[PDB]
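*Asks:* Here's a structure for you.
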Amino acid sequence: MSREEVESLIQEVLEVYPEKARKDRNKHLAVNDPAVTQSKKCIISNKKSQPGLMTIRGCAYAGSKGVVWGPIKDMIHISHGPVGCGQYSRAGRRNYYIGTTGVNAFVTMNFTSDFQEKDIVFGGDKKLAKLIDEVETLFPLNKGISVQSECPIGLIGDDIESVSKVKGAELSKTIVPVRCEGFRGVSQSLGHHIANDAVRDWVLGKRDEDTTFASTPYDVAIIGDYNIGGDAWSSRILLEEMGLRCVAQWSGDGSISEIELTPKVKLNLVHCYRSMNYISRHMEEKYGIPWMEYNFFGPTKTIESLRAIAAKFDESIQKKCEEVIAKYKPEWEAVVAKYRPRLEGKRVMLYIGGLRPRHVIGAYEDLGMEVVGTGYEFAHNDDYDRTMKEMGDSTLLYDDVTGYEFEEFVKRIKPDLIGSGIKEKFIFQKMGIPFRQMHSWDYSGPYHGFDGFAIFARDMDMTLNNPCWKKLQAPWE
Amino acid sequence: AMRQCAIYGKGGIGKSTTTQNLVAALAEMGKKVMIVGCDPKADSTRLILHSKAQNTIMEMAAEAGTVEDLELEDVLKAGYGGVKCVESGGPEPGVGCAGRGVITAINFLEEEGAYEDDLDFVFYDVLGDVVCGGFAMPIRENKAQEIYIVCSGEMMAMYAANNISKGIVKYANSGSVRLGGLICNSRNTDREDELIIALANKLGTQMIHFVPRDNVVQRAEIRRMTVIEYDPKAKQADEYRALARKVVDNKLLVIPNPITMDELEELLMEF
Amino acid sequence: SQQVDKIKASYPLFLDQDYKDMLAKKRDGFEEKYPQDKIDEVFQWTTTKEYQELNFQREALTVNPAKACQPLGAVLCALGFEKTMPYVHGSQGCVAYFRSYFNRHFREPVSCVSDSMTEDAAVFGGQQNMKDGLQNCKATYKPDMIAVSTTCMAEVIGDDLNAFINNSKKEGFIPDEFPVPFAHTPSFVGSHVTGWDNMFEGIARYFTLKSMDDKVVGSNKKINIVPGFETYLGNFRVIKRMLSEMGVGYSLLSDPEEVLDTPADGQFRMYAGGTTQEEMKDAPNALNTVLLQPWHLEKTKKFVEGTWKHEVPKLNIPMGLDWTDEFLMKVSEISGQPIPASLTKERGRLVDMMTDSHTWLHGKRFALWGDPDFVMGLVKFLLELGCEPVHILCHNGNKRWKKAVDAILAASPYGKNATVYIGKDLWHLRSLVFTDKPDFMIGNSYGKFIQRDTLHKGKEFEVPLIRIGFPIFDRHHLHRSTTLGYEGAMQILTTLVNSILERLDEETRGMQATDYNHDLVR
Amino acid sequence: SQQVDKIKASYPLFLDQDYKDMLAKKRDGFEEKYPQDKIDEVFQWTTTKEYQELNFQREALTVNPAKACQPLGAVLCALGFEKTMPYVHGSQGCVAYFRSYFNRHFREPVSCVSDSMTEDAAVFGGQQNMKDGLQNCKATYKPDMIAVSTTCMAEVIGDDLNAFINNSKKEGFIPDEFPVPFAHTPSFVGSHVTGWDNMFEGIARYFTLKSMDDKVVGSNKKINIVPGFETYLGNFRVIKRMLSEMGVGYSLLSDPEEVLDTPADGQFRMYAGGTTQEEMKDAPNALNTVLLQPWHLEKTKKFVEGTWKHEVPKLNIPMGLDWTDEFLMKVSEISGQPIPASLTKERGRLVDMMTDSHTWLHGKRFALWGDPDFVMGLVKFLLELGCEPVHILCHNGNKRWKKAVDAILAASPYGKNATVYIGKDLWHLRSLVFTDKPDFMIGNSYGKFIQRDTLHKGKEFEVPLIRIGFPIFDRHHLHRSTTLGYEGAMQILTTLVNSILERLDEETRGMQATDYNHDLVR
Ligand SMILES: Nc1ncnc2c1ncn2[C@@H]1O[C@H](COP(=O)(O)OP(=O)(O)CP(=O)(O)O)[C@@H](O)[C@H]1O
Ligand code: ICS
Ligand code: CLF
Ligand code: CLF
Ligand code: SF4
Ligand SMILES: [Fe+3]
Ligand SMILES: [Fe+3]
Ligand SMILES: [Mg+2]
């Protein structure tokens, strides 16, 4: 608070770095101006991380396997390479699904080619071919396979496209080779892009010349909702109560047939712009399908989204929209009446991935809370363009923040609440600052939609006002 | 006081032949020597063994599943003069990662105590295309302390010398590996000896020996032998004994000062 | 919908009729799902001996592994040294996973850095990343030591850690005397425990290799203890407690017990406690060195015997009654200190518990998995208790270890129905608990999906999971437990017999059906 | 029938068809059993509000009490003194029960004698039984001390313990200086905890009343600790560990932890450890006396304040965070020793655990019962965790205690739905968990029949029991646990949060039905 003072804090924190890192990090920290429309004038993003500074970022494999492909429930996803990557990512993300796991669905499982030294030296294409035969033997109801490359696959030049084509034809199966070796790009983000392109090239066009699906004018798809703790379900219920038909959700609780049917819809509803804008633009260019961003975090944004979406159709849908909004009005008003008095005026700092750092702000504001700092691991400048108008003047923005920076900023701004990831959580709890996981929802949720808002409000209150936070100082000190 | 030595140089310049003929001569003198092939085509010991099949570390590992299941006496063999021979091995061309094969094989040798026993010399025979970190495994700390670069009076072969010296510098500055000299494997070019002596001084090393072009080297090779074994009294055999003697008594170990591709062009015009 | 005074999270929210209806429409409309009867038929097939034979014929596919990769272990090793920053040379995705993995098991901060090698560093090598990374990390987080390991990309391309680190020093990116020990930790060799061994031997070498000349075995009158890969805080603690109780001078080499358990008192402590650099430098002067987990400390053992010249005792992990006895007698022998009355009494209290609970333990059948030393200690103690190990799995075990465990099994009439599996995974283990059903599984949190699968066949086929091992993500604070020594044996015994009794109560809780055996007193 | 290689005990043997058919014929032939429909209808009625009303109108019938009688507590107190034989003047049936009751909880021998008053001793009084009993007991079991309490028959007829013991000495049955402290312990007053208070005060009186003239408060520089009725061995141990950690001189008065935990090493030890007679004699020279369980140590307090002249601190039981803090600070003030870094760290580790686990504990609803101090300490800690105690039952509580627990509840927004019940039993509690269902019960093994009843109404009505208290008969070695101090608070927190997570896993284990929420990580 106060622009000169925030700029002072930034320069103080930067003093610890060597010149090269100091010069770089300076470009990734900003004091917000809601007026500014071109964030390139104010902050730089989507650049390589400085070595040794404890970035919070992950890799392209996390962005491809962990985020986009992993949730698709009736396919089997191969972590191709050594045993590490697939094991750390096994069931760490709560992309919820309905299925019979190990039989027709496979999301929580870890399939891997478990590369050994002889596989590196002699290459793994023969092992991958045999692995695919064994998958078909032991999991006959799988509806397709993806091959998610880890680092060594990309270095040694294994030809996984050729293997996917030959085995695909031999077994009449969709097999999707993904070059998401983790050293590509600079973060999870290039993994999104690589994964989108793999969907485009290997899956999405499968029904291009099939007309057996009966489409309606109210057909939509939810693009970029990974159903964390059931988020997509509590969004999908609203769209369908509004009279729309949700043919697909990408990719939380998603199925390969939903993906193949998606080119038949009338409108693509994009929640996560960062991870799925690529295939959204593709679908408009090839199929003529328009897309629109929406936001189902909190009642103000949900209501605004529902009306914006409904205006895209006809009067019948707009009538149903207002009827949905009327139905849920006393529910979220009771949530606000109960929890807003407990949270009013509290100040929050966020640090998340590529969407939620701006997207959840409205929900905090519906509870009378103030977001005084936000930032992203891997957003691009078109994300910051959308962020600066959502944030207050002289709030702090930080891109690819370091462990050191984030801590120093928190010590000076002294938020009442911090919303970030598992690698941040236990640091700030020890400083006595209430912390909410804003990736995993701290094993709670959903937070999307009206039903989600009630849980979000409950969770923020339970943590911010918990009796544990008064107990950190021993009485004799 | 075992001396570890690594042989580098332009592809096709005569590294493997020179190394094996050198080693035969050392063994003829009574030196105990091990040759480590660091090339996936595994042809570094072909002329020393030439009797019975050679199995490579990587091939034997694949058959056994991992390197941990491998035993040293399965891959380490003795040939002419009791010279001990072992090959890294690696994939056929165009697949896998031969660089990692060399890393793995030398790690194995280290772990299994190959460098115990009282050897006077170890030579690493490396391929010409040093395209990654793995092929510089032989010049890491605790490996080769002396590099000999095989060259000739041909442009490509001097540019290779210089460029290899470039690559050597990061290891030389950080450890004890040093350039021991240039070995001129002659291509019968005009005033070749003077010219290589000249390149040596710009780099800061020496031309330790001039090896004549002699087709007996190729006749021995066709019979899978060194000249020392094939024709112990040939002129060329005496050349290799001469080379071996210099290597035994050599104390000149320096850090290379590579020159510009311009200085090299200067050298070749001025001759 | 939500009632504001009884808000529903995902469970049981999505059991509401309108959500159930919506999910049914999604499935039938767009998922083109196999019919339920087909799903049931395939599920039943996956429980058969026919499927099991196909399953065990796998040569290329791994499903649900029960191991992780080397640098995870290197990081844990490095965390055990005073003010030491783990540093993994290579790709940053790895480090985000290492930290998260450990965050979830310990519920604590885990500090580790990367030098963020990208595509162009793969191609040109990571020398510049090491230079900037070391300078940056030192300036920013101010460690007294940086312990460097590698990710697999840096191992494929053969980045020479030694050279890169020395060039960083020679070019003035970090002070020459600043300690930067290193180890190559290739993920495509061995497992996380191999990484721990490699890191430790690297650190030991760094501090002792060049200064052996003034060392004298036995001159500091201590015993070195090397714990290996250890994720139970209680295990570090119980070893220190017993040695102190005996009055034995000791030095625990790699000791992350403080940094993994800092107080929440208003400040974040990036570092706490740990083995000091002086302790490592002085380690060759110890009477001897004891390795708590010998089956993954083989590189360390070679270095300690060959360079420090310590006559490392041939000791099993100190788990269960016999092997804790042997550990204490060997420590007594080395140090000259008698085993004190207090530890003798503790032993007798474990024996008392064994006599008290033996009737409920007798003949109970277990499947179990985990790391090699942990698994063999658990097998040994199960035999002592009169239990039957039946399915013993160690995904990262080797042939020599398997023969050693077979020999332990053969030495007891309770080991007659047991088989030891190496290189097999939890999908293999799944088949085993269907075709040859045990009473319980002892394993880590990944076992919960097997329990779920067995219940779906039927309540009478369910195999309950008992959580002992690593990682444990779905219970809180179990990382504070002990598995070593008499104290760990008491905790394990208590967990086993009460798992048995908890299940028997569940099976006898049926009013006027099974509750004739719902005894108050057991 | 039996298959010899898989022998069946009562469960599941009697599920065999031929036994099932036999039991049907017995029922139908000869039991004149109410029809199953009538049984179902009455069962359902017992779960209702209308039944609860009738239930809470009881003035004369007690059903499933949650208390025992005075001499039980007198025996436990006596067991805490060195080489002391508890001796219960009166009827021998009592002692068989006292011993068996403790045998089953501790799984240890329990030594106690009777003087076996029969019907003619009821009429003529038990003076001869006391004379012969004391002489026999001393000659046969060779105690250094005999501590005498009473059964209810000796209380009705007014046997004068003091006179009977003194005549035994005057007539030569036992030596004059042989210590025989006594207390009247009527089973129809108060409960087992009152018997503990009475026995302790009797022993304290015996060793100090006549020798006060030379005593000087504070001259031995120790603090006396009086634990009260305590059946967790960890609680004796944690108090001693913490005082030793602070460097505080102390004297634990009544200390049964050794004799209730002897080793199995080939000899039976009838006596072990315990408070010495010298410690009791020297107790008035202490700085002060701390009572760990003040709500059942009121008679002891009166004696210690009035005769020893100690300014006994007004402290709650040291359970949970605040009251352990208050205990440590008072000890620090009395002794002059500071609270050391180690205990400050331990406190912060507890706070860390509360921060780590607070989201699963928040708002969770509990019914609980037990003795007064234990129950209020548990209520206090639940409030600190953000849990909602809902049904708080203390069968042996009194009106003053209830008002104090009500004050604690009122002071926290988490107490707003709580009711405190005194004089009510487990049949009352059963109605409460049907009509106002909590998420869990915290109590002793008698809670299992309530869990069974709730499950019978339906899985969604089941209230799982969390076993904390006394007695625990149907699990093994829980008596080794700790409930006091930070250590006890950590154990309780861990138990509570993992009970919550265990139940959630059970509720989400349904394949393709509820397992969308069967998270690996919690
Ligand atoms: N002094 C000499 N006179 C005549 N021929 C010679 C010679 N030295 C080597 N040769 C021949 O040159 C050819 C290449 O020799 P060599 O195989 O030793 O080269 P090299 O080891 O540098 C190939 P690479 O780069 O693939 O590792 C062989 O046929 C060898 O017989
Ligand atoms: S996909 Fe992205 S880091 Fe858009 S990689 Fe990440 S389930 Fe975050 S801010 Mo984890 S761009 Fe989703 C995300 Fe946001 S895994 Fe989840 S929470 S809305
Ligand atoms: S960026 Fe994998 S965790 Fe690593 S050392 Fe290799 S096995 Fe182990 Fe991304 S794709 Fe994966 S997670 Fe890293 S390796 Fe690369
Ligand atoms: S011979 Fe009862 S246990 Fe006793 S002090 Fe009275 S309440 Fe307590 Fe038999 S009938 Fe009973 S058990 Fe004894 S009292 Fe008599
Ligand atoms: S260049 Fe070297 S490291 Fe890279 S893949 Fe080829 S052989 Fe392996
Ligand atoms: Fe924690
Ligand atoms: Fe016992
Ligand atoms: Mg060659």
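A note on labels: chains of the structure tokens are A, B, ... as shown, every chain counts residues from 1, and ligands are counted from 1 in their shown order.
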Taking only range 166-406 of chain C into account, list the residues labelled alpha helix (DSSP H) by DSSP (computed from the backbone), as JSON, numbers by chain.

*Replies:* {"C": [166, 167, 168, 169, 170, 192, 193, 194, 195, 196, 197, 198, 199, 200, 201, 202, 203, 204, 205, 206, 207, 208, 233, 234, 235, 236, 237, 238, 239, 240, 241, 242, 243, 244, 245, 246, 277, 278, 279, 280, 281, 282, 298, 299, 300, 301, 302, 303, 320, 321, 322, 323, 324, 325, 326, 327, 328, 329, 330, 331, 332, 333, 334, 335, 341, 342, 343, 344, 345, 346, 347, 348, 349, 350, 351, 352, 353, 354, 355, 356, 357, 358, 359, 360, 361, 372, 373, 374, 375, 376, 377, 378, 379, 380, 381, 382, 383, 384, 399, 400, 401, 402, 403, 404, 405, 406]}

*Asks:* Excluding residue 221 in chain A and its own-chain neighbours fewer than 6 positions away, which residues fall within 12 Å of it when counting only C-alpha atoms? Please give them as a ChimeraX atom specification.

*Replies:* /A:232,235-236,239-240,244-251,254,258-271,280,283,289-293,309 /C:26,30

*Asks:* Let me see if you get this right: every residue at most 12 Å from ligand 4, counting only C-alpha atoms and all ligand atoms, written as a compact mmCIF listing (two decimals) with C-alpha atoms, in the first residue's frame.

*Replies:*
# COMPACT_ATOMS: atom_id res chain seq x y z
CA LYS D 67 -17.79 -45.69 36.87
CA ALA D 68 -16.57 -48.32 39.34
CA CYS D 69 -16.35 -48.38 43.16
CA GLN D 70 -13.94 -46.84 45.70
CA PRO D 71 -11.68 -49.75 46.67
CA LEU D 72 -10.64 -50.27 43.05
CA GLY D 73 -9.03 -46.83 43.24
CA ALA D 74 -7.60 -47.53 46.67
CA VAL D 75 -5.91 -50.62 45.31
CA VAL D 88 -8.94 -54.93 51.26
CA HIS D 89 -10.63 -55.62 54.57
CA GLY D 90 -13.91 -57.35 53.87
CA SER D 91 -15.27 -59.83 51.36
CA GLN D 92 -12.98 -61.76 49.01
CA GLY D 93 -15.21 -61.58 45.89
CA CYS D 94 -14.33 -57.90 45.64
CA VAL D 95 -10.61 -58.53 45.38
CA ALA D 96 -11.06 -61.23 42.72
CA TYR D 97 -12.92 -58.62 40.67
CA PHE D 98 -10.44 -55.73 41.34
CA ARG D 99 -7.50 -57.90 40.27
CA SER D 100 -9.27 -59.26 37.16
CA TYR D 101 -10.39 -55.80 36.14
CA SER D 114 -8.50 -59.96 51.07
CA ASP D 115 -9.06 -60.98 54.66
CA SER D 116 -12.04 -63.01 53.49
CA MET D 117 -14.82 -61.96 55.86
CA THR D 118 -17.67 -64.45 55.77
CA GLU D 119 -21.19 -64.36 57.15
CA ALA D 122 -20.36 -59.89 59.15
CA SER D 149 -8.96 -50.28 52.39
CA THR D 150 -12.53 -51.69 52.77
CA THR D 151 -15.33 -53.47 50.91
CA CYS D 152 -18.90 -52.34 51.35
CA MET D 153 -19.86 -55.02 53.90
CA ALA D 154 -17.18 -53.79 56.31
CA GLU D 155 -18.39 -50.23 55.71
CA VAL D 156 -22.04 -51.00 56.55
CA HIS D 184 -12.32 -46.22 54.72
CA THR D 185 -13.45 -46.70 51.11
CA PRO D 186 -17.28 -47.14 50.89
CA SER D 187 -18.43 -48.29 47.44
CA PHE D 188 -21.77 -46.51 47.92
CA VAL D 189 -20.09 -43.08 48.08
CA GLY D 190 -18.54 -41.43 45.02
CA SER D 191 -16.57 -43.81 42.78
CA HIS D 192 -13.18 -45.48 42.19
CA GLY D 195 -11.22 -44.38 46.77

*Asks:* Taking only residues of chain D that have an atom at most 8 Å from an atom of chain C, what is each one's shortest atom pair and its distance in Å to one decimal, using only C-alpha atoms, in chain and number order, as a tab-separated table?

*Replies:*
residue	atom	partner	partner_atom	distance
D:10	CA	C:517	CA	7.1
D:11	CA	C:517	CA	6.3
D:104	CA	C:521	CA	7.4
D:107	CA	C:356	CA	6.9
D:261	CA	C:349	CA	7.0
D:262	CA	C:349	CA	6.7
D:263	CA	C:348	CA	4.2
D:264	CA	C:352	CA	4.7
D:265	CA	C:348	CA	5.6
D:345	CA	C:263	CA	5.7
D:346	CA	C:263	CA	7.3
D:347	CA	C:263	CA	7.6
D:348	CA	C:263	CA	4.2
D:349	CA	C:263	CA	4.5
D:350	CA	C:263	CA	7.8
D:351	CA	C:264	CA	6.0
D:352	CA	C:264	CA	4.8
D:353	CA	C:477	CA	7.6
D:356	CA	C:107	CA	6.9
D:357	CA	C:476	CA	7.2
D:445	CA	C:520	CA	6.7
D:446	CA	C:520	CA	7.2
D:448	CA	C:520	CA	7.8
D:452	CA	C:509	CA	5.5
D:453	CA	C:511	CA	7.5
D:455	CA	C:509	CA	7.9
D:456	CA	C:511	CA	6.2
D:473	CA	C:521	CA	4.8
D:474	CA	C:522	CA	4.6
D:475	CA	C:498	CA	5.7
D:476	CA	C:498	CA	6.4
D:477	CA	C:494	CA	6.5
D:494	CA	C:477	CA	6.5
D:497	CA	C:476	CA	7.0
D:498	CA	C:475	CA	5.8
D:501	CA	C:475	CA	6.5
D:502	CA	C:475	CA	7.9
D:508	CA	C:11	CA	7.9
D:509	CA	C:452	CA	5.6
D:510	CA	C:456	CA	7.2
D:511	CA	C:456	CA	6.2
D:514	CA	C:11	CA	7.3
D:517	CA	C:11	CA	6.3
D:519	CA	C:474	CA	7.4
D:520	CA	C:474	CA	5.8
D:521	CA	C:473	CA	4.8
D:522	CA	C:474	CA	4.7

*Asks:* Write out the residues from the selection above, keeping N, CA and C atoms, as a CSV table (one decimal), in the first residue's frame.

*Replies:*
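Wrote it out as selection_38.csv, contents follow:
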chain,number,residue,atom,x,y,z
D,10,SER,N,-15.2,-69.9,17.1
D,10,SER,CA,-16.7,-69.6,17.2
D,10,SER,C,-17.1,-68.7,16.0
D,11,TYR,N,-16.4,-67.6,15.8
D,11,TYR,CA,-16.5,-66.9,14.5
D,11,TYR,C,-15.3,-67.4,13.6
D,104,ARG,N,-7.0,-57.2,33.1
D,104,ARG,CA,-7.5,-57.2,31.7
D,104,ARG,C,-7.1,-55.9,31.0
D,107,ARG,N,-2.8,-56.0,31.2
D,107,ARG,CA,-2.3,-57.3,30.8
D,107,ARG,C,-1.0,-57.6,31.6
D,261,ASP,N,4.5,-52.7,34.8
D,261,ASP,CA,5.2,-52.9,33.5
D,261,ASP,C,6.5,-53.7,33.7
D,262,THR,N,6.4,-54.8,34.4
D,262,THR,CA,7.7,-55.6,34.7
D,262,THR,C,8.0,-56.3,33.4
D,263,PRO,N,9.4,-56.6,33.2
D,263,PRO,CA,9.8,-57.3,32.0
D,263,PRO,C,9.5,-58.8,32.1
D,264,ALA,N,9.3,-59.5,31.0
D,264,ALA,CA,9.2,-61.0,30.9
D,264,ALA,C,10.6,-61.5,30.7
D,265,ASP,N,11.3,-61.8,31.8
D,265,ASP,CA,12.6,-62.3,31.7
D,265,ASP,C,12.9,-63.6,32.4
D,345,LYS,N,10.6,-26.2,22.3
D,345,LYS,CA,10.5,-26.7,21.0
D,345,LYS,C,9.4,-27.8,20.9
D,346,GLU,N,9.3,-28.6,21.9
D,346,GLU,CA,8.3,-29.6,21.9
D,346,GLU,C,6.9,-29.0,21.8
D,347,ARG,N,6.7,-27.9,22.6
D,347,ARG,CA,5.4,-27.2,22.5
D,347,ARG,C,5.2,-26.8,21.0
D,348,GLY,N,6.2,-26.2,20.4
D,348,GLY,CA,6.0,-25.7,19.0
D,348,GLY,C,5.7,-26.8,18.0
D,349,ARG,N,6.1,-28.0,18.4
D,349,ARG,CA,6.0,-29.1,17.4
D,349,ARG,C,4.5,-29.6,17.5
D,350,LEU,N,4.0,-29.5,18.7
D,350,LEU,CA,2.5,-29.7,18.9
D,350,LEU,C,1.7,-28.6,18.1
D,351,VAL,N,2.1,-27.4,18.2
D,351,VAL,CA,1.4,-26.3,17.5
D,351,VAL,C,1.5,-26.6,16.0
D,352,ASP,N,2.7,-27.0,15.5
D,352,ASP,CA,2.8,-27.3,14.1
D,352,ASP,C,1.8,-28.4,13.7
D,353,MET,N,1.7,-29.5,14.5
D,353,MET,CA,0.7,-30.5,14.2
D,353,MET,C,-0.7,-30.0,14.2
D,356,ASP,N,-1.1,-28.3,10.9
D,356,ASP,CA,-1.1,-29.3,9.8
D,356,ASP,C,-2.4,-30.0,9.7
D,357,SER,N,-3.1,-30.3,10.8
D,357,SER,CA,-4.2,-31.1,10.8
D,357,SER,C,-5.6,-30.4,11.0
D,445,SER,N,-13.9,-49.2,26.4
D,445,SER,CA,-14.4,-50.4,25.6
D,445,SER,C,-15.9,-50.6,25.7
D,446,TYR,N,-16.5,-50.1,26.7
D,446,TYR,CA,-18.0,-50.2,26.8
D,446,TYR,C,-18.7,-49.4,25.7
D,448,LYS,N,-18.2,-49.9,22.6
D,448,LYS,CA,-18.3,-50.7,21.4
D,448,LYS,C,-19.8,-51.2,21.3
D,452,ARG,N,-22.1,-50.7,17.9
D,452,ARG,CA,-22.8,-51.8,17.3
D,452,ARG,C,-24.3,-51.5,17.2
D,453,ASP,N,-24.9,-50.9,18.2
D,453,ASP,CA,-26.3,-50.5,18.1
D,453,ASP,C,-26.6,-49.4,17.0
D,455,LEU,N,-24.8,-48.9,14.2
D,455,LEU,CA,-24.7,-49.6,12.9
D,455,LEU,C,-25.9,-50.3,12.5
D,456,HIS,N,-26.5,-51.0,13.5
D,456,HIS,CA,-27.8,-51.7,13.3
D,456,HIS,C,-28.9,-50.9,12.7
D,473,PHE,N,-10.2,-53.0,27.0
D,473,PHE,CA,-10.1,-54.5,27.2
D,473,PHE,C,-10.0,-55.2,25.8
D,474,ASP,N,-10.4,-54.5,24.7
D,474,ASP,CA,-10.6,-55.2,23.4
D,474,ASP,C,-9.6,-54.7,22.4
D,475,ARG,N,-8.5,-54.0,22.8
D,475,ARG,CA,-7.3,-53.7,22.1
D,475,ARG,C,-6.2,-54.0,23.0
D,476,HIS,N,-5.0,-54.2,22.5
D,476,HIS,CA,-3.8,-54.5,23.3
D,476,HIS,C,-2.8,-53.3,23.4
D,477,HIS,N,-2.3,-53.2,24.6
D,477,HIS,CA,-1.2,-52.2,24.9
D,477,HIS,C,-1.5,-50.7,24.7
D,494,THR,N,-3.2,-37.0,16.9
D,494,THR,CA,-2.9,-38.1,15.9
D,494,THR,C,-4.0,-39.1,15.8
D,497,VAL,N,-7.3,-37.3,14.3
D,497,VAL,CA,-7.3,-37.0,12.9
D,497,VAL,C,-7.3,-38.2,12.1
D,498,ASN,N,-6.6,-39.3,12.5
D,498,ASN,CA,-6.5,-40.5,11.7
D,498,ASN,C,-7.8,-41.4,11.9
D,501,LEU,N,-9.8,-39.7,9.2
D,501,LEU,CA,-9.4,-40.1,7.9
D,501,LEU,C,-9.7,-41.5,7.6
D,502,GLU,N,-9.5,-42.4,8.6
D,502,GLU,CA,-9.9,-43.8,8.5
D,502,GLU,C,-11.3,-44.0,8.1
D,508,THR,N,-15.4,-43.8,1.4
D,508,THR,CA,-15.1,-43.5,0.0
D,508,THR,C,-14.5,-44.7,-0.7
D,509,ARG,N,-14.6,-45.9,-0.2
D,509,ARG,CA,-13.9,-47.1,-0.8
D,509,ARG,C,-14.8,-47.8,-1.8
D,510,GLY,N,-15.9,-47.2,-2.2
D,510,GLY,CA,-16.9,-47.9,-3.0
D,510,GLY,C,-16.6,-47.7,-4.5
D,511,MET,N,-16.2,-48.7,-5.2
D,511,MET,CA,-15.8,-48.7,-6.6
D,511,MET,C,-16.8,-48.1,-7.5
D,514,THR,N,-18.3,-44.1,-4.6
D,514,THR,CA,-17.9,-43.0,-3.7
D,514,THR,C,-16.4,-42.8,-3.9
D,517,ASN,N,-13.7,-39.6,-4.4
D,517,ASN,CA,-13.1,-38.9,-3.3
D,517,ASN,C,-12.1,-39.8,-2.4
D,519,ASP,N,-9.0,-40.1,-2.1
D,519,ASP,CA,-7.7,-39.4,-2.4
D,519,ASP,C,-6.5,-40.2,-1.9
D,520,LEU,N,-5.4,-40.3,-2.7
D,520,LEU,CA,-4.1,-40.7,-2.2
D,520,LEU,C,-3.6,-39.8,-1.1
D,521,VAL,N,-3.8,-38.5,-1.3
D,521,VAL,CA,-3.1,-37.5,-0.5
D,521,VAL,C,-4.2,-36.8,0.3
D,522,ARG,N,-4.0,-36.7,1.6
D,522,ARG,CA,-5.0,-36.0,2.5
D,522,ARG,C,-4.3,-35.1,3.5

*Asks:* Out of B:137, B:269, B:197, B:150, which residue has the shortest atom-to-atom distance to chain C when counting only C-alpha atoms?

*Replies:*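 Closest residue, counting only C-alpha atoms: B:137.
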
*Asks:* Mind giving me the straight-line distance from CA of residue 387 in chain C to CA of residue 414 in chain C in Å, one decimal?

*Replies:*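 Atom-to-atom, CA of residue 387 in chain C and CA of residue 414 in chain C are spaced 6.4 Å apart.
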
*Asks:* Write out as a list in words every residue belonging to chain A that has an atom at most 8 Å from any atom of chain B, counting only C-alpha atoms.

*Replies:* residues 116, 117, 118, 119, 120, 121, 122, 123, 124, 156, 157 and 158 of chain A

*Asks:* Please list as a ChimeraX atom specification every residue within 9 Å of residue 102 in chain A, counting only C-alpha atoms and excluding residues in the same chain fewer than 4 positions away.

*Replies:* /A:106-109,139 /C:43,46,453

*Asks:* Considering only C-alpha atoms, return as a list in words whatever protein or nucleic-acid residues lie within 6 Å of range 217-234 of chain C, sequence-local ones (same chain, fewer than 4 positions apart) excluded.

*Replies:*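 Using only C-alpha atoms, the neighbours found are residues 193, 238, 249, 250, 251, 252, 253, 257, 285, 286, 287, 288, 289, 290, 291, 292, 293, 479, 480, 481 and 482 of chain C.
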